[PDB]
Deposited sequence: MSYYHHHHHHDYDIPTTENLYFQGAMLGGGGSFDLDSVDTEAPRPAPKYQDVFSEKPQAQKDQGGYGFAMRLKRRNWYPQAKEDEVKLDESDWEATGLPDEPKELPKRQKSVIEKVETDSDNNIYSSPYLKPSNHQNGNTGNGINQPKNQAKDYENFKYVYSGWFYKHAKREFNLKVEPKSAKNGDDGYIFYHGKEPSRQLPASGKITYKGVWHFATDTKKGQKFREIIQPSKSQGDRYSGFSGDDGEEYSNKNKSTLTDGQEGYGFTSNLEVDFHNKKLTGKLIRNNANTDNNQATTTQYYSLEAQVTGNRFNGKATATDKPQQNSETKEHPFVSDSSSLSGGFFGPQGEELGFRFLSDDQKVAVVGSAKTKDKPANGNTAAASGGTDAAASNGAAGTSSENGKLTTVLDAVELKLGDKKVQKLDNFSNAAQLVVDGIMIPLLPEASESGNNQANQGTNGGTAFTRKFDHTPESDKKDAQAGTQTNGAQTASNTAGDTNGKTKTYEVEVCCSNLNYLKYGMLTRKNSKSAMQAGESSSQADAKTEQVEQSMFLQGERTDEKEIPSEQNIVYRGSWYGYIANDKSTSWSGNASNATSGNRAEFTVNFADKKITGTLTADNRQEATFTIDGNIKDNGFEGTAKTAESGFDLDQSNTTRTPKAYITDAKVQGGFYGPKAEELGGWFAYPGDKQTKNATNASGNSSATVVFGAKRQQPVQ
């Protein structure tokens, strides 16, 4: 799926009879994108505005989860103070609606708001191995029918579950230990919280969505687990299944809560430097419960999983784009640009005017090319999903053929820029990689030239490569028709960086910018190649 964050709208049923709404189910269709948050403690900007426009009556304050920053607690105890992700809810008590002039006669009562999670900086690298505890908080919101859930939202006074949704933050709901000041002694923390484990070695995620209990009455508990979570990590995203712990076993009985159905659409992602924070969400297949949450690591050997760079024409510093382990989706300035509906295509996307040329059609896990935005700024990009560190082959001599985008100037003279090509004469690249010897060798060759424009030599490390890039010792030469002493691009040791991409390193890609962080040569290039 991909995304910075997601939110869902509280429902409110037309409880007026005759009309007989009787049931308002949730829907995948109801998930809304949050957009990039500038400060993740703040509310989702787009949807906090939908609420302010709500109208309103009597009370007009917007209530939100404790940790948020527009005396209850909602914490996993040493998991703690997030920096990159937040999940939660916010609401205001909405005006009752009543209308006998409209068909089919409407009546509505109760809170209105959102549950949401959002995040900054989708993770670029993760740990190579080990099992790491992530602990956080979570939040739910139910459909509306005929009520009710005595077990976690107090006395259906306002008809929580019936007239409106009822949710992690209803007034309204006091069986969690959120107002108590001492820890349950069965621990975890305050409120509805989560206990996830991430197995980076096996790319597996598991854990539990518990509730820390106000008291030890009933025949329960200290802690009451409502969900187990299983997910397979795929890049910096995870996907999978949420299992409902306390299901009505005999089917000839209903439970006093809504957490009675499994979910096959748990979705989430890591955020921060090493994916040391996550954010996730699901919708149960009965379409009755919706959940979001986030998780951390405390406070008191890495592997990079993707490459996403922006090469400013013509700048010394490479920029890092955000990406969701989707090469076919380009993430710039919080906007999402699909690189699909023949070799390279060029198109205009206006969400303030983006012109992109993207290569290539013969690539699936790597995409690169030309990025120009108006309002006229020009740059290059390369995005790719790295092959797993354990999946890079060990066989000597493997050959890759592809193409490149280039820009080469002399500051005294003129400039040459070439686009990517599958033409026999057009821009073109070739590589010879030797795993085990851990070497990469290749050539970049400008359109309608014969000599190699760039020779490339570096070293394979894990799923990436790092090396040098140099023009012919006789220099590059910028406008061939000019048959005199003029130009003359001299690129010495340009720093090239790259990685291998997808299933078993079937694609590779690199970029370099010269000079990087008393000469007049300048270069900015990205290239991709596919295994032959």
Absent from the model, numbered along the deposited sequence, are 1-62, 133-145, 376-404, 446-463, 474-503, 528-547, 690-698, 714-717
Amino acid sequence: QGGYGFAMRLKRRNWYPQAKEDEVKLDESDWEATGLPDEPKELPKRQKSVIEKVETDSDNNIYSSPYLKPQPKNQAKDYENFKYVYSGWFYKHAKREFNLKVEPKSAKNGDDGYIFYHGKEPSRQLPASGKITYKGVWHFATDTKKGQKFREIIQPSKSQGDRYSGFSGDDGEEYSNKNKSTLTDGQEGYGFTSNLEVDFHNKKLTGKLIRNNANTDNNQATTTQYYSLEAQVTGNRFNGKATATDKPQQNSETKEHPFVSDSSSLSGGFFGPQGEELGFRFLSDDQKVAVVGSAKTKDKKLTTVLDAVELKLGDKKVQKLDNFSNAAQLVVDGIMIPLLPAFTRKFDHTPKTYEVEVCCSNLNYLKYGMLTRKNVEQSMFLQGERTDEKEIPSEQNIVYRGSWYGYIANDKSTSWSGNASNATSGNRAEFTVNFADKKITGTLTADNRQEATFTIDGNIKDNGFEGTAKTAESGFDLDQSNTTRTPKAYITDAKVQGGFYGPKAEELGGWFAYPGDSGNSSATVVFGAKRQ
From here on, numbers count along this sequence of modelled residues.
Please work out which of 98-106 and 416-424 has the higher mean CA B-factor as recorded in the PDB entry.
98-106
Comparing 326-334 with 136-144, where is the mean C-alpha B-factor higher?
326-334
Just grab whichever of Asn177, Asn236, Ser394, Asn410 has the top CA B-factor as deposited.
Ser394
Which of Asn375, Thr445, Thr344, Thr432 ranks first by CA B-factor in the deposited coordinates
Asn375
In terms of the chain's CA B-factor thirds, is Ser521 lowest, middle or highest?
lowest
By the recorded C-alpha temperature factor, relative to the other modelled residues in its chain, which third is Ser58 in?
highest
Split the chain's modelled residues into thirds by Cα B-factor; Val24 lands in the middle
Lowest, middle or highest third: which one holds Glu473 when the chain's residues are ordered by CA B-factor from the entry?
highest
Consider only the C-alpha atoms of the modelled residues in this chain, order them by B-factor as the entry records it, and name the third containing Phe200: lowest, middle or highest.
highest
